[PDB]
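A.B. asks: Protein chains in written order, with the authors' numbering: chain A, 33 to 169; chain B, 33 to 167. I have a structure here, written as structure tokens, and I will follow up with some questions on it.
Pasting the structure below:
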């Protein structure tokens, strides 16, 4: 169920916003609201928009645990006050790099990142498989 | 409509696979099966792993319309054969760059993207409010 996913994920997000110092909760709640409003105006399905918010929120919380929340805020202000869409995406990509790297520093994140690397062997073969198919084409 | 968004997503993905050149149909199917295995083992809930694959497959289909599918396949192999997790993340970041590049080249996507660049003011102020509190 769609409503089941949105519930699962928005429950996750609300917990993250409750594990934050009070005083920020109201502002985070308002940022949560208007991002959800903006994403819906994109026209992307609500499940997709909510899973995006939830995953980015999870990684925001993780990176805050390794000190990066000041850095990611400053980037967000820079992406939104930016002159063109090109520059916005670049900072968006920069923020993503910081997020994923904190997933690499986190010892549980790094444990799973290494699994994903190891279990990627059966995948490489089937990618090379059809890279081969595509060059002949 | 259908309660099972898994039913909704796999039908959507299967429609992408069913329209690829027939010579890829099976290898893609296998890729879909084992990428599900892996996400499952990353601790992702099966409703979410299936949705990720469909939303990603969507972006692959759009990037393949601008010629980039060869590049994204090569990046995938290189990332999976990287010597360390930080290398892997580096190339994964390049696959995102291609994804955003294709949303911008799509005519509907740039309209929506340009809207945010003119609909980020409200979040800018609330972000700056949070910035001041932290200081």
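Yeah, the Cβ is synthetic: ideal placement off N, Cα and C, and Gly gets one too.
Taking residue 144 of chain A as the query, report the chain B residues whose CB atoms sit under 8 angstroms from its CB, ordered along the chain.
C.D. replies: Counting from one through the first chain, the residue named residue 144 of chain A turns up at place 112. Within 8 angstroms Cβ-Cβ: 74 and 75.
A.B. asks: Does the CB of residue 152 of chain A have a neighbour CB from chain B at under 8 angstroms?
C.D. replies: As a working note, residue 152 of chain A is residue 120 in the first chain. Nearest CB-CB separation between residue 152 of chain A and chain B: below the 8 angstroms threshold.
A.B. asks: Terminal residues of the continuous alpha helix (DSSP H) containing residue 118 of chain B?
C.D. replies: Taking the first residue of the second chain as 1, we reach residue 118 of chain B at position 86. Residues 117 to 137.
A.B. asks: Residue 161 of chain B and residue 156 of chain A: beta carbons closer than 8 angstroms?
C.D. replies: Looking up residue 161 of chain B in the second chain gives position 129. Looking up residue 156 of chain A in the first chain gives position 124. Not in contact: residue 161 of chain B and residue 156 of chain A (Cβ atoms no closer than 8 angstroms).
A.B. asks: For residue 34 of chain B, does the three-state DSSP call read helix, strand or coil?
C.D. replies: Residue 34 of chain B sits at position 2 when you count from the first residue of the second chain. Three-state result, residue 34 of chain B: coil.
A.B. asks: Which ranges does the alpha helix (DSSP H) cover as unbroken runs of at least 4 residues, wholly within the stretch 55 to 98 of chain B, from first to last along the chain?
C.D. replies: 57 to 73 and 78 to 96
A.B. asks: Quick check on residue 129 of chain B - is its C-beta less than 8 angstroms from some C-beta in chain A?
C.D. replies: Position 97 of the second chain, counted from the start, is the residue given in the question as residue 129 of chain B. Yes, residue 129 of chain B lies at the interface with chain A (some Cβ there is under 8 angstroms from its Cβ).
A.B. asks: Tell me whether the beta-carbon of residue 86 of chain B lies closer than 8 angstroms to the beta-carbon of residue 134 of chain B.
C.D. replies: For the purposes of this step, residue 86 of chain B is identified with residue 54 of the second chain, where counting begins at 1. For the purposes of this step, residue 134 of chain B is identified with residue 102 of the second chain, where counting begins at 1. The answer is no: Cβ separation not under 8 angstroms.
A.B. asks: Establish whether the CB of residue 102 of chain B and some CB of chain A are separated by less than 8 angstroms.
C.D. replies: To locate residue 102 of chain B, count along the second chain from 1; it is residue 70. Output row for residue 102 of chain B: interface = yes.
A.B. asks: Within 10 angstroms of its Cβ, does residue 167 of chain B collect 16 or more other Cβ (buried), or is it exposed?
C.D. replies: For the purposes of this step, residue 167 of chain B is identified with residue 135 of the second chain, where counting begins at 1. With fewer than 16 Cβ atoms within 10 Å of its Cβ, residue 167 of chain B is classed as exposed.
A.B. asks: Among B/106, B/41, B/102 and B/149, which residue has its Cα nearest to the Cα of residue 81 of chain B?
C.D. replies: For the purposes of this step, residue 81 of chain B is taken as residue 49 along the second chain, with counting starting at 1. It is B/41.
A.B. asks: Are any of the Cβ atoms in chain B nearer than 8 angstroms to that of residue 94 of chain A?
C.D. replies: Counted from its first residue, the first chain places residue 94 of chain A at position 62. False, the Cβ-Cβ gap to chain B never drops below 8 angstroms.
A.B. asks: Could you tell me the distance, in whole angstroms, from the CA atom of residue 113 of chain B to the CA atom of residue 93 of chain A?
C.D. replies: Walking along the second chain from the start, residue 113 of chain B turns up at place 81. Walking along the first chain from the start, residue 93 of chain A turns up at place 61. When rounded, the distance between both Cα atoms is 30 angstroms.
A.B. asks: Just curious, the alpha helix (DSSP H) that residue 111 of chain B is in, first and last residue?
C.D. replies: Walking along the second chain from the start, residue 111 of chain B turns up at place 79. Counting along the chain, the alpha helix (DSSP H) containing residue 111 of chain B begins and ends at 101 to 112.
A.B. asks: What is the DSSP secondary structure of residue 169 of chain A, counted as helix, strand or coil?
C.D. replies: On the first chain, residue 169 of chain A is found 137 positions in, with the first residue counted as 1. Residue state, collapsed to three classes: coil.
A.B. asks: Just to confirm, is the Cβ distance from residue 131 of chain B to residue 91 of chain B under 8 angstroms?
C.D. replies: Locating residue 131 of chain B in the second chain gives position 99, counting from the first residue. Locating residue 91 of chain B in the second chain gives position 59, counting from the first residue. Closer than 8 angstroms, so yes.
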